[PDB]
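Asks:
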Amino acid sequence: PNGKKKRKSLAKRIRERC
Amino acid sequence: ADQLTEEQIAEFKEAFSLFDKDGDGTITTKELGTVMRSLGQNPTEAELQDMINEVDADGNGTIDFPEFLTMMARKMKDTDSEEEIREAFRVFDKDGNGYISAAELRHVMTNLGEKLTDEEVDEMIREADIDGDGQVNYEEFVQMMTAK
Ligand SMILES: *[C@@H]1CC(=O)N(CCC(=O)OC/C=C(\C)CC/C=C(\C)CCCC(C)C)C1=O
Ligand SMILES: [Ca+2]
Ligand SMILES: [Ca+2]
Ligand SMILES: [Ca+2]
Ligand SMILES: [Ca+2]
């Protein structure tokens, strides 16, 4: 996703994944 | 599924070697369950069957290399742990009321290193706030990132 002035991530915490 | 790099290809081979103990070149639930029981997991025959029939494209009851590789590399399913997500719920719930508000997710996102403004966090809550209370419960928080 393209985000300059917005969150580049969010879900990365619980679905950090392997 | 064989279009990976040689390194990654070697990994699943080593794993395939685990799942094919009889040496027939394919995996059944019995071999699967043996591996699971070895490394520390114990799904039931039905759960075994579920993932078996997912990757088994021949519908022949046995997992071949390409099918295994699909399960191993692509993982087949789109989710991760899911049940531990409710454990992680309490982590986002820093205020500890059984709900996760924007301010709470805001601390947590900062804990990753990747910063965002409060607005970006509020945005996330707006979409995941199904009951529209300004907070997200288990199912709201879960489907905010990992859907069912
Ligand atoms: C850590 C995280 C990761 O992805 N990898 C690489 C793959 C690997 O070998 O991890 C260990 C594998 C485990 C625990 C099994 C995962 C698969 C299932 C639970 C589904 C089983 C279905 C089959 C066998 C058809 C790491 O090393
Ligand atoms: Ca076998
Ligand atoms: Ca097959
Ligand atoms: Ca809270
Ligand atoms: Ca809510």
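Taken in order, these protein sequences are the chains called R and A. Taken in order, the first sequence gives residues 1 to 18; the numbers are from our numbering. Taken in order, the second sequence gives residues 1001 to 1148; the numbers are from our numbering. All residues carry an ideal CB built from backbone N, CA and C; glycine is no exception.
1) Among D1002/A, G1025/A, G1059/A, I1100/A, which one has its Cα closest to the Cα of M1072/A?
2) Run through the segment 1103-1137 of chain A for me and flag every whole beta strand (DSSP E) of 3 or more residues, listed as ranges in chain order.
3) Looking at chain R, which residues of the segment 1083-1117 of chain A have a Cβ within less than 7 Å of any of its Cβ atoms?
4) Give the DSSP bridge partners of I1027/A, in chain order.
5) Taking the runs of the alpha helix (DSSP H) that are 4 residues or longer, which of them lie wholly in the segment 1042-1091 of chain A?
6) For the alpha helix (DSSP H) holding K1013/A, just list the boundary residues, first then last.
7) Within 7 Å: the Cβ of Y1138/A and any heavy atom of ligand 4?
8) Within 10 angstroms of the Cβ of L1039/A, are there 16 or more other Cβ atoms? Answer buried if so, exposed if not.
9) With three or more C-beta pairs closer than 8 Å as the rule, is the segment 1086-1096 of chain A touching the segment 1112-1127 of chain A?
10) Alpha carbon to alpha carbon, how far is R15/R from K1030/A? Give it in angstroms, no decimals.
11) Can you tell me whether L1032/A is buried or exposed? The criterion is at least 16 other CB atoms within 10 Å of its CB, across all chains shown.
12) Quick one, are the C-beta atoms of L1112/A and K12/R less than 8 Å apart?
13) Say whether the segment 1077-1084 of chain A touches the segment 1092-1109 of chain A, bearing in mind that this needs 3 or more beta-carbon pairs closer than 8 Å, one atom from each stretch.
14) Have a look at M1076/A and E1054/A and give me their C-alpha separation to the nearest angstrom.
15) So which residues of chain B does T1146/A contact, with C-beta pairs closer than 9 Å?
Replies: Taking the coordinates as given:
1) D1002/A
2) none
3) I1085, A1088, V1108, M1109, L1112, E1114, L1116
4) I1063/A
5) 1045-1055, 1065-1069
6) 1006-1019
7) no
8) exposed
9) no
10) 29 Å
11) buried
12) yes
13) no
14) 7 Å
15) Of the chains in the structure shown, none is chain B; the protein chains are R and A.
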